[PDB]
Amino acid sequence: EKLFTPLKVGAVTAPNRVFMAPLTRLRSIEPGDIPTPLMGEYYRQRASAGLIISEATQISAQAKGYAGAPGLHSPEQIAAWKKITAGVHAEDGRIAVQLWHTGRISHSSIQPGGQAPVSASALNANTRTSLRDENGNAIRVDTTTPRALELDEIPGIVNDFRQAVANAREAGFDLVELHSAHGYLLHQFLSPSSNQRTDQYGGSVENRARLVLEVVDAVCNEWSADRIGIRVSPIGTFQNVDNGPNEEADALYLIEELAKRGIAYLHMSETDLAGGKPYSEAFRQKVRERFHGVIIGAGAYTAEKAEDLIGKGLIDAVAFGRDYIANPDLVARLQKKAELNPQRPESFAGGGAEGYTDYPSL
């Protein structure tokens, strides 16, 4: 077994290869999109993970698409996250913040000024996001048609990612993960399905990847390349965003570009919850020969699949999502071959302590 052996992940050293995937739980305070001590307890419980990757966190107020998702743009958010990272560190853990802009997976009622959310193009996502009702409970609501960003707004978006990384470093995170997956803003630019722009940020794959690579360069310059990871979902369809008619070649272009920056890791979200065609071993080989940082695989993994792919030299670590919701001590359980706690999906999104901090250890 290799899952319980250490791994260098850029600037930090993980003691095992069992990572906690980013998981939106929608329990932040409004007004202010503020993380809470309850969230701190949840993360502290999971500090034995090789690496915790936080729930997706707004780079700006405009970035918000979900009621209850936290930000990392305000002083109060910075202060609250500082307490959370300190608690994880007190338990000898490591924590990355996943930073997003939701783009068109959003609703005008939670945008600044009540305005339409932004995207690469003015095309509805044709999905739902999660808002809160008058009692503060999570509700699913159809997405608002977005406004296409003007060319002169793009530097501001890059600056918002840069600023959020400055804030993340101050807040005590060990790494940052850019959310370039799952149909959110960066992926909206990457995908031809969502990007119909005819300027330097659409058309060719070079142009479609331009924004994400500008963001990568800005955040590497703000902090250091060995502090930066990126999550992609570049094969298949996620939240109605496919990867276009040349998805493999386009993915390999992006990955070769990322490699040039010497970033800490590439995190591949392989499938959504409904599943789909597995990655071919040939594709995994092509990725591996092009990227020289850590590769994290995710999406309905088992420990056995992770060991197989680590043993084949194709990935370095695995991120578990739902098994981490339900098993704070997932590392110990997988090491000991213990049963896993029963998941309670009704409490994944929103609410309070129940279904959040009340899953037991062994």
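Numbering starts at 1 and follows the sequence shown.
Comparing the deposited coordinates for 141 to 149 and 269 to 277, the stretch with the larger average C-alpha B-factor is 269 to 277. As the entry records it, the average C-alpha temperature factor is higher for 254 to 262, out of 254 to 262 and 173 to 181. The top Cα temperature factor in the record, among 71, 203, 234, 103, falls on 203. Looking at 158, 287, 123, 86, the one whose CA carries the top B-factor in the deposited record is 123.
Among all modelled residues in this chain, the alpha-carbon of residue 349 has a temperature factor (C-alpha) in the highest third. Sorting the modelled residues of the chain by their CA temperature factor places residue 334 in the middle third. When the modelled residues of the chain are ordered by their C-alpha B factor, residue 64 lands in the lowest third.
When the CA B factors of the chain's modelled residues are split into thirds, the value for residue 195 lands in the highest one.
Among all modelled residues in its chain, residue 238 ranks in the highest third by Cα B-factor.
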